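A short worksheet on the structure shown next.
Read-outs: derived from the displayed coordinates by stated rules, not from any lab. FYI the Cβ positions are ideal-geometry reconstructions off the backbone, even for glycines, and counts take in every protein chain you see.
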Amino acid sequence: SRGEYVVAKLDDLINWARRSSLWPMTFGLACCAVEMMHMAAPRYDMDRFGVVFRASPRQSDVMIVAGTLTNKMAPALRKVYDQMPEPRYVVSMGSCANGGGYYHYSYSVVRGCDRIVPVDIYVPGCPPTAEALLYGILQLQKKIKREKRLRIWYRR
Amino acid sequence: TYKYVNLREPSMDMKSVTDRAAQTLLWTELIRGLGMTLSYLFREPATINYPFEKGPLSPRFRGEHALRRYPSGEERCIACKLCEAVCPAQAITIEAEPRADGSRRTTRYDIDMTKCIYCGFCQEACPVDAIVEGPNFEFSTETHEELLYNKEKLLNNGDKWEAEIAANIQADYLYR
Amino acid sequence: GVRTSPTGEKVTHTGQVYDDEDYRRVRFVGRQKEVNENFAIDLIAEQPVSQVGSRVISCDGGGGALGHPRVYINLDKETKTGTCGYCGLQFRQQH
Amino acid sequence: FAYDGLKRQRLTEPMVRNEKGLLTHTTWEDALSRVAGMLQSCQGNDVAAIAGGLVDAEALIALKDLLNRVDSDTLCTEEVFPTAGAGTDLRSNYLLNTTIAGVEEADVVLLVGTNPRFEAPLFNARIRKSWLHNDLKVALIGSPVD
Amino acid sequence: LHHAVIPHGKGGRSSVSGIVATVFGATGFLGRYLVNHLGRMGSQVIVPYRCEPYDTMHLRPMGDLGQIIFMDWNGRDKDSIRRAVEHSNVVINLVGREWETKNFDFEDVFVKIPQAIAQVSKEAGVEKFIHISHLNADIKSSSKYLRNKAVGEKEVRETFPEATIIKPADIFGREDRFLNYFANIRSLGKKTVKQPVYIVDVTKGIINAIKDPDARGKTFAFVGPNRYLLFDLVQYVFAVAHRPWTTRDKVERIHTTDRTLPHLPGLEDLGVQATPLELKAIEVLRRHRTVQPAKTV
Amino acid sequence: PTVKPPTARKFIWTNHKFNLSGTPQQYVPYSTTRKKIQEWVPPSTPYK
Amino acid sequence: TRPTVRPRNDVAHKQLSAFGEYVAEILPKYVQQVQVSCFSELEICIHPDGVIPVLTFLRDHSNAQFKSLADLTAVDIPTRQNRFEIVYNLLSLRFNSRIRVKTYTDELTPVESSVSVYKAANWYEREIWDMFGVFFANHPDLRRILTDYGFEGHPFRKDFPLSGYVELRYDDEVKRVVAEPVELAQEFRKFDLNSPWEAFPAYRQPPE
Amino acid sequence: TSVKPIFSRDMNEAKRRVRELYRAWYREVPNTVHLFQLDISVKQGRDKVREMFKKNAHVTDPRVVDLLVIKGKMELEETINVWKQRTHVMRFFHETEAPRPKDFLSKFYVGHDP
Ligand SMILES: NC(=O)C1=CN([C@@H]2O[C@H](COP(=O)(O)OP(=O)(O)OC[C@H]3O[C@@H](n4cnc5c(N)ncnc54)[C@H](OP(=O)(O)O)[C@@H]3O)[C@@H](O)[C@H]2O)C=CC1
Ligand code: SF4
Ligand code: SF4
Ligand code: SF4
Ligand SMILES: [Zn+2]
């Protein structure tokens, strides 16, 4: 119908604007912070995608969990995720954020950040390269591109 | 065999004192810093055009794991569990048995890619070049269990990437 | 050399397939069961048996340092061919 | 090598008879209730017990105390030992009283009615070691086995 | 019983509870805490979702890996219902709307879709089916909600005769539409008597109804421990919240007294101690803060 | 590979595939072993 | 033995043996053993009552001047009745040398805090409280430094398991990160690696 | 049998330190329920304090109860200073944990544990 066409074009508009202006809050926990900083470094340059360098956590769009989540910092991660306005996304960078990694069997490590927050992109590596992290951010943008918020709203 | 950083006593004649006062009032070093930033403004940036331009790698690069085969279709892995014995994160889970023609072959070859530390001790422990850590780094997932590889996924990665993996091993096996 | 269970599920080169009353098929609902369709037991059986004139043959798998460790296969039994324990290539004394 | 029989034919779940007379899977509550409802109706010689060949002593005294609560002494084994005379009262008349090690101290071994090669293969291995090193004289009463 | 569905572990996150659940309407208020309480035992939860997958993301940390299977479905597509339920050993229905929409009236949400879910669950061989009615569901009710929910309860009973049908009165929690409705109304006081039940009590009731083989074919009435008049309840809500979207069908249900059904079993017959509202109302309404308890009957 | 082509093998995929995550063609993990313990199937005949 | 063997340093071995005799005869009240390894490191094994008199001496004697505390360590050896082995590593920048002062305690005997000698120790032995449960008396602010705030037990004890007893997850019911008894989806696979053959006959212990 | 003390020469000074620690926790509990904005009552938190003290009431060694008073003061110092979050205070109340089977019969039903 006509309303189906209008909500299709408006979903395309809002998804274009949300994926083309992603603002990350990076948790610089461990070694993956260095490779996030290389994804911001002038070779890869996240800012040319509209992905700014160090937005404040009250205005960020994605939470990049870059490093080991210990048990002593799991509620801090949860509190920052609760303070993020929607639509918020979470990229899990590297093996300790993904599944505990090299510290999986430790007494003090959350076995993957997915026990604390919902995770949208899992970027594997130890550390994953800055090109691999930029790949994960572009896959997150493609995930935002195919969101159907107003179309499902028009069908509900 | 050592040197003194910042042990210069500055000259107190009217020439040097007037030089430092002109630097203070007329902001000469601030213009120097502005000039260096302006000099980078007119340089070509170092930014490659990802995804269309890729970062440089080498045949030693340790990316996505793969199980390899012989040049006959037979898989190289003969179930010796050296890779999971050397595995520093215990990402590899192996169960084996003799198959229908009596060969020593695995029935479980799991690699948890979210325990894996990507150090490639498995591919240097491997005596038949069966497990390799191949060249792929662009294999991010939307779900955690899509990074829990079984034997089928690793053999499919080997069949997918063998044309590149074999040439990287051909480039690097003389250093090994 | 893949085949299929009566549930419509592919059977792996190991032989793994879920039962019909196993709930764990629900993980492939809306998705796919990933199997590899190049079964190595069928591919090594396509290789022709190598006729050699010696009594003991060496095999390293081909490629020299790129193959497996070089082993020595006896070929005195004429009932059975001599199989490489690593690569599965089989040999026969031609006499 | 009999450890692979330890994963075939295994009883994993409680089973009861259905309305059609077939063993169907059930919970522990249903199976133990249907056994206890019959055990409460029994008394005296109404309930007995046969212990098998692989049963630990803990389950043996468990089933003995359970049937003694219903006043039943009929707890039996499948392997017959004669209760004539002293019976199972004194331990000496049903043990290998010497030892397995005491075979090395013997000089005449008399074997009656047994094939100790297959009934107790390392008791036979100890007999052969005493045969070989101590010049043991062995005699057999029974069929001429190897 | 199949070997993969025998319970193992100590009942934690990596355990196996032996419960393979298809929870329709798992993206709501009740489905949130039900999928939480199922996923912490180690249950295979199938969540069929209608909405955007973003709006399901909060269900993902609730279980171990592979223990929540998200899949698309539609209320008017029985093939998707069969695609969701044909591996489960229990199917819980939680589909509901407080308002009728352009595409789904109260008869679609309460009569058509529960009968469809229960019929496809009957013919696929699902062992247990739990359906959630409302306590005040009546054919001669003043509100279309309760009329269609009584009709749908009758149809679920006649198409899945072993269905555990559960009657909650009024559910309160952090994401409710009962105390958050009263805190954001800033309609009146009448002779309406209510006994509201807590969401963790309802969730423990649903899980104990899964585990109980006696709960097949029963009808349970989940009520709170204290009956309140509506006026002093709303005054207690404005007192705890530090205070001085609607429709007329919602107002008809607010002014419906919570009926007394003593012959139906409740939370105590499943082993759930019903939490009084004075223990949890502070937890619910702390967010609305920028208190002597109410009188019962 | 126009100058130096890769070494041809019969098991190498003739069709390359991109990252299939988020699609119905994606990898789903599973145990590749068979069943460890065999259960005793009771007799289907009656016992009287 | 030229290319692949580590060359032995005999001058440093002689000098460290002589200085070990020196320390053992200046402080006979506390020094229990003095030993020098084959790679030329001096260990002074003392009684735990002399943590402050020995370490002040090495800090202040004109022929010691161990002005640096490199590292402070505990080692849990459970077959010893004094199962914790407190290891001080000292550096003399003047004499270009390192010394090791080892002592002992169990769970209940407090070690005297060495913060009055080296302030460097202020966190280190605090770590020894957190990881091992060795109490340090007259410490300024003794509390945990590395474990989580509600942590029970001391992790670097060897009877403490590799994973803990509790693990965290976010729970949406209570809206809170919660602690639960630990379950692993894959148990840590214990590998028995030790060869049944003797490797070093120079380290053979006498039999019983 | 002659050991070095920590703070207490015998059990009398030790019980005095236990008693002062219980006093300090009893005084602290309403401030803890307020500033962490816990969803419990002061009676319930003080019952948890009493439970944690009476759990260790079987100990007859002065050094062990000295270290228990030391660790209780460390817990209290981490609670007065807001070093714990709400999560660390509520880990004493095992709220998300299912109740364990206590009798023989339900432990027999659920698994192999004694
Ligand atoms: N106090 C209470 O809330 C009480 C509730 N109940 C009943 O309990 C159940 C759950 O309650 P509650 O959590 O509050 O409900 P919610 O409004 O919070 O959510 C209901 C769920 O049903 C889904 N749903 C609704 N309409 C449709 C439809 N047409 N097709 C497919 N899915 C649909 C929603 O999915 P989506 O996210 O896509 O919209 C949502 O997941 C309901 O059946 C309700 O009638 C009974 C008594 C008291
Ligand atoms: S996944 Fe590995 S490399 Fe990355 S931050 Fe963790 S420990 Fe460092
Ligand atoms: S790369 Fe290292 S951590 Fe990963 S599987 Fe191989 S040995 Fe294990
Ligand atoms: S991959 Fe290599 S090291 Fe690992 S079991 Fe197979 S043959 Fe052995
Ligand atoms: Zn070969």
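What average count of beta carbons from other chains do you get within 10 Å of the Cβ of residues in H:89-98? Intermediate values should be presented prior to the final figure.
Working: counts 2, 6, 12, 2, 2, 4, 6, 12, 7, 9.
So the per-residue partner count for this stretch is 6.
Restricting the count to DSSP beta bridges whose residues both fall in chain C, what percent are antiparallel, rounded to a multiple of 5? It would help to have the intermediate numbers written out before the result.
On the way: 8 of 11 bridges.
Once the DSSP bridges in chain C are tallied, antiparallel ones form about 75 percent.
I'd like the Karplus ³J(HN,Hα) series for region E:105-122: coefficients 6.51, -1.76, 1.60, θ = phi - 60°, whole numbers in Hz, and an x wherever there's a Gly or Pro.
7, 5, 6, 5, 6, 10, 10, 6, 5, x, 5, 5, 4, 6, 6, 6, 6, 5
In region E:4-22, whose amide N lies under 20 Å from the spot 7 Å out along Cα-to-Cβ of D:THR27? List them in ranges.
So the set is E:4-12, E:16-22.
Rounded, prolate or oblate for the protein assembly as shown? Axes are the square roots of the Cα gyration tensor eigenvalues, ordered a ≥ b ≥ c, and the cut-off for rounded is a/c under 1.5.
Details: a/c = 1.22, a/b = 1.03, b/c = 1.19.
Taking the square roots of the gyration eigenvalues as a ≥ b ≥ c, the protein assembly as shown is rounded.
Give the average, rounded to an integer, of partner chain Cβ atoms located within 10 angstrom of each Cβ in E:215-228.
If you average over the peptide's residues, the count of other-chain Cβ atoms is 0.
Under a Cβ-only charge scheme (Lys and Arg +1, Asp and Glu -1), can you give me the dipole magnitude of region E:87-233 about the Cα centre, in debye to the nearest 20? Kindly include the intermediate steps, with their values, before the conclusion.
Details: 23 positive and 19 negative charges, 90 e Å.
For region E:87-233, the charge dipole is close to 440 debye.
If we count other beta carbons within 10 Å of each Cβ, what is the order of B:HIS65, E:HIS263, H:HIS34, C:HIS13, fewest first?
Working: B:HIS65 28, E:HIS263 7, H:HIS34 10, C:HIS13 23.
Ordered by Cβ neighbours within 10 Å, fewest first: E:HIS263, H:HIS34, C:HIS13, B:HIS65.
So what are the ³J(HN,Hα) numbers for region D:129-135, from phi and the Karplus equation (6.51, -1.76, 1.60; θ = phi - 60°), rounded to whole Hz, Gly and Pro as x?
Per-residue couplings from phi come out as 5, 5, 4, 7, 9, 9, 6 Hz.
Sort A:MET84, H:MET74 by Cβ crowding within 10 Å, fewest neighbours at the top. If you can, show how the numbers build up before the last one.
On the way: A:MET84 19, H:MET74 15.
By the 10 Å Cβ count, ascending, the order reads H:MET74, A:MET84.
Quote the FRET efficiency, to the nearest 0.05, computed for B:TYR173 versus F:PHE18 with a Förster distance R0 of 41 Å and r equal to the Cβ-Cβ distance. Spell out each step's value before the answer.
Values: r = 29 Å, r/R0 = 0.71.
The formula returns an efficiency of 0.90 here.
Answer with one residue from H:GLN85, H:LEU67, H:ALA14: the one whose Cα lies farthest towards the positive end of the charge dipole of chain H, charges on Cβ with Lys, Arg +1 and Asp, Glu -1.
Looking along the dipole axis, the top candidate is H:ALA14.
Once amide H atoms are built 1.01 Å from N in the peptide plane, which residues 5 or more positions from A:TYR122, or in another chain, come under 5 Å H to H?
A:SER92, B:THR141, B:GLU142, B:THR143
Calculate one ³J(HN,Hα) per residue across region B:78-95 by plugging θ = phi - 60° into the Karplus curve 6.51 cos²θ - 1.76 cosθ + 1.60, and present them in order as whole Hz with x for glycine and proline.
10, 6, 8, 6, 6, 5, 7, 7, 7, 4, x, 10, 6, 7, 9, 10, 10, 10
Expected output is a single nm value to one decimal: the length gained when fully extending between G:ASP141 and G:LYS67, i.e. 0.36 nm times separation in residues minus the C-alpha distance. What is it?
On the way: separation 74, 0.36 × 74 = 26.64 nm, distance 2.30 nm.
This chain segment gains 24.3 nm when fully extended.
Please give the peptides D:6-14, G:3-11, E:6-14 ranked by average Cβ packing (other Cβ atoms within 10 Å per residue), highest first, as a rough proxy for protection.
Details: D:6-14: 12.0, G:3-11: 8.0, E:6-14: 17.1.
So the peptides D:6-14, G:3-11, E:6-14, ranked by packing, come out E:6-14, D:6-14, G:3-11.
Could you work out how far apart the two model spin labels at H:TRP83 and B:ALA125 are, taking each label as a point 7 Å from the Cα in the direction of the beta carbon, and quote it in nm?
In this crude spin-label approximation the distance works out to 4.1 nm.
So, with +1 on the Cβ of K and R and -1 on the Cβ of D and E, and no other charges, what is the size of the charge dipole of the protein assembly as shown about its Cα centre, to the nearest 20 debye?
3520
Could you pull out every residue, at least 5 positions away or on a different chain, whose amide H is within less than 5 Å of the one on E:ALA221? Hs are placed 1.01 Å off N in the peptide plane, and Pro or chain starts have none.
E:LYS167, E:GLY266
Going 7 Å from the Cα of E:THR290 in the Cα-to-Cβ direction, what parts of region E:166-199 have a backbone nitrogen less than 16 Å from that spot?
The answer is E:183-186, whose backbone nitrogens lie closer than 16 Å to the label point.
Ignore the peptide's own chain and count Cβ atoms of other chains within 10 Å of each Cβ in E:43-52; give me the average, rounded. Walk me through the numbers on the way to the answer.
On the way: counts 0, 4, 0, 3, 0, 0, 1, 3, 6, 9.
Mean shielding by partner chains, rounded to a whole number: 3.
Just checking chain B: which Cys have no other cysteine's beta-carbon under 4.7 Å?
When partners are defined as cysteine Cβ atoms under 4.7 Å apart, chain B leaves B:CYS77, B:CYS80, B:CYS87, B:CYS116, B:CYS119, B:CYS126 without one.
Given R₀ = 30 Å, FRET efficiency for D:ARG34-D:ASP4 by Cβ-Cβ distance, to 0.05? Working shown, then result.
Working: r = 33 Å, r/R0 = 1.10.
Efficiency for this residue pair is about 0.35.
Ranked highest first by the average count of other Cβ atoms within 10 Å around their residues, in what order do G:191-203, G:15-27, E:141-153, G:41-53 fall?
Highest mean packing first, the order is E:141-153, G:41-53, G:15-27, G:191-203.
Quick one: check the C-alpha center-to-center distance for region H:1-64 versus region E:251-296, whole angstrom.
Using only Cα atoms to place each centre, the spacing works out to 37 Å.
Taking the Cα centre of region A:55-156 as origin, work out the dipole magnitude from +1 charges on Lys and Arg Cβ and -1 charges on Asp and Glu Cβ, in debye rounded to 20.
560
Go ahead and collect, in residue order, the members of region B:29-58 whose backbone nitrogen is under 16 Å from a label point 7 Å along the Cα-Cβ direction of B:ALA22.
Label zone hits: B:29-32.
For D:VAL109, what residues show an amide H to amide H distance below 5 Å, using hydrogens built from the backbone and excluding near sequence neighbours?
Residues meeting the amide H criterion: D:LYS137, D:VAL138, D:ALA139.
Quick one: E:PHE231, H:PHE36, G:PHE151, fewest Cβ neighbours within 10 Å first, how do they rank?
Ranking E:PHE231, H:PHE36, G:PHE151 by Cβ neighbours within 10 Å, fewest first, gives E:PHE231, H:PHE36, G:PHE151.
Distance between the C-alpha centers of region B:12-65 and region A:1-63? Whole Å please.
Taking the Cα centre of each part, region B:12-65 and region A:1-63 sit 27 Å apart.
Roughly how many whole Å is it from the C-alpha centroid of region B:159-176 to that of region G:95-117?
Answer, in whole Å: 54.
Given R₀ = 45 Å, FRET efficiency for A:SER56-G:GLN15 by Cβ-Cβ distance, to 0.05?
E(calc), rounded to 0.05, equals 0.15.
Filter the cross-link list E:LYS112/E:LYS144; H:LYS43/H:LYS73; G:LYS29/H:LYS71; E:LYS280/G:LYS175; E:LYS102/E:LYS218; E:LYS190/E:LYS295 down to pairs whose alpha-carbon distance in this structure exceeds 24 Å.
G:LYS29/H:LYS71; E:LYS102/E:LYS218
Would you calculate a helix-derived [θ] at 222 nm for chain A, using -39,500 (n - 2.57) for each DSSP H run of n ≥ 4 and dividing by the full residue count, to the nearest 500?
Calculated at 222 nm, the ellipticity per residue is -12500 deg cm²/dmol.
Taking +1 at the Cβ of each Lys and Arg and -1 at the Cβ of each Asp and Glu, which of E:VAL200, E:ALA221, E:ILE185 sits farthest along the dipole of region E:165-221 towards its positive end, judged by Cα position relative to the Cα centre?
E:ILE185
Taking a cut-off of 21 Å between Cα atoms, list the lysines near F:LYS10, but don't count ones fewer than 8 places away on the same chain.
Leaving aside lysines fewer than 8 places away in the same chain, those within reach of F:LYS10 are B:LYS151, B:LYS153, B:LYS160.
Can you spot the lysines whose alpha carbon is less than 23 Å from E:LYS10's alpha carbon? Ignore those fewer than 8 places along the same chain.
By straight Cα distance, E:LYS10 reaches E:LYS204, E:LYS211, F:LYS35, F:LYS36, G:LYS190, H:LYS102, H:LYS107.
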